[PDB]
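This document starts with one chain, in the form solved without 7,8-dihydrobiopterin, laid out as structure tokens.
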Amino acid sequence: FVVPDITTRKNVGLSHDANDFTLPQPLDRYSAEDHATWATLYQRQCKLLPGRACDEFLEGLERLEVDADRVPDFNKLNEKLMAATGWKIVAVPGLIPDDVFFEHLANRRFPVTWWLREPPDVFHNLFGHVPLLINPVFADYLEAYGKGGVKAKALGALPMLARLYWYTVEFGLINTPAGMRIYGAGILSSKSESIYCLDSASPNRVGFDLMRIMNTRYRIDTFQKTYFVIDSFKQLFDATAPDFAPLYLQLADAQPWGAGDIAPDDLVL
């Protein structure tokens, strides 16, 4: 049997723009159970993340006044985000087409799935992804990433950018004098990957390298086998400076690294 998935079920009776896929945040659809689920997830992550999340992340939660006890009102959050870096969040139904996603980031809009899991949802997207948007260097990286979507689409290279996004914005680590810390949203919203990625001898921790990353496969249904480590958000922004077109064409011919591979030139940590 095939039953409707959570995206389908949650969006019953709702609409979205056929071109940009946004909708007003449907506040009336959040039940008491939704707010309680949010509060439980927020409490869980805030207990586990000190000394694991990068300090900027935890500061962003506070500066944006991300609600601890209910699903946040996007408009209220936007008042703080806009004043900090000129970014805003927009509600979307769930996963959206790549060219739409890139167009949003290129215009300093961060798409956030509106609905919550039952006890890539609103907790993952808002709690995991949004706090670092108050950091001007990280925000500029996302904008530059977005702006690259047009060229990538024209060259059939969106999956090569998707690898960069996955291994930075979703699953990135940042080294600090106090020890390795986490900035990837997929880790920051996770119950246990937050532990494994810092504490386990199992995964590879490899120094950030743009070409290497864009040549690296990833898998979505398991903890990462490789994490890429930056020294600064400036390293991410600076990585977007050159022309990606000849990088894409070089990679198009190559065999990608597997998700668990170590490459000959890796700086291994």
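All residue numbers refer to positions in the sequence shown, first residue = 1.
What comes next is about the form solved in complex with 7,8-dihydrobiopterin, which is not displayed.
Q: Work out which of 127, 171, 145, 115 lies within 4.5 Å of 7,8-dihydrobiopterin in the deposited bound form, going by heavy atoms.
A: The residue from 127, 171, 145, 115 that makes the contact is 145.
Q: Among the candidate residues 162, 106, 180, 137, which is the single one with a non-hydrogen atom no more than 4.5 Å from 7,8-dihydrobiopterin in the deposited bound form?
A: Only one listed residue qualifies here, and that residue is 162.
Q: Is residue 92 close enough to 7,8-dihydrobiopterin in the deposited bound form to count, meaning some heavy atom within 4.5 Å?
A: Output for residue 92 is yes: heavy atoms within 4.5 Å of 7,8-dihydrobiopterin.
Q: Consider residue 198 of the chain shown here, and say whether it contacts 7,8-dihydrobiopterin in the deposited bound form, taking contact as heavy atoms within 4.5 Å.
A: Close contact is absent here: in the deposited bound form, residue 198 is far from 7,8-dihydrobiopterin, nothing within 4.5 Å, heavy atoms only.
Q: Using the partner position in the deposited bound form, report whether residue 84 sits within 4.5 Å of 7,8-dihydrobiopterin, counting heavy atoms only.
A: No, no contact at 4.5 Å.
Q: Can you tell me if residue 167 lies within 4.5 angstroms of 7,8-dihydrobiopterin in the deposited bound form, counting non-hydrogen atoms only?
A: The answer is no: residue 167 has no heavy atom within 4.5 Å of 7,8-dihydrobiopterin.
Q: Counting only non-hydrogen atoms and a 4.5 Å threshold, tell me whether 223, 258 and 261 all contact 7,8-dihydrobiopterin in the deposited bound form.
A: Not one of the three qualifies.
Q: Quick one: find which of 186-194, 171-179, 71-79, 96-104 has residues within 4.5 Å of 7,8-dihydrobiopterin in the deposited bound form by heavy atom distance.
A: Single hit among the candidates: 96-104.
Q: Would you give me the residues of 1-37 that have any heavy atom within 4.5 Å of 7,8-dihydrobiopterin in the deposited bound form, in order from first to last?
A: Residues within 4.5 Å: none.
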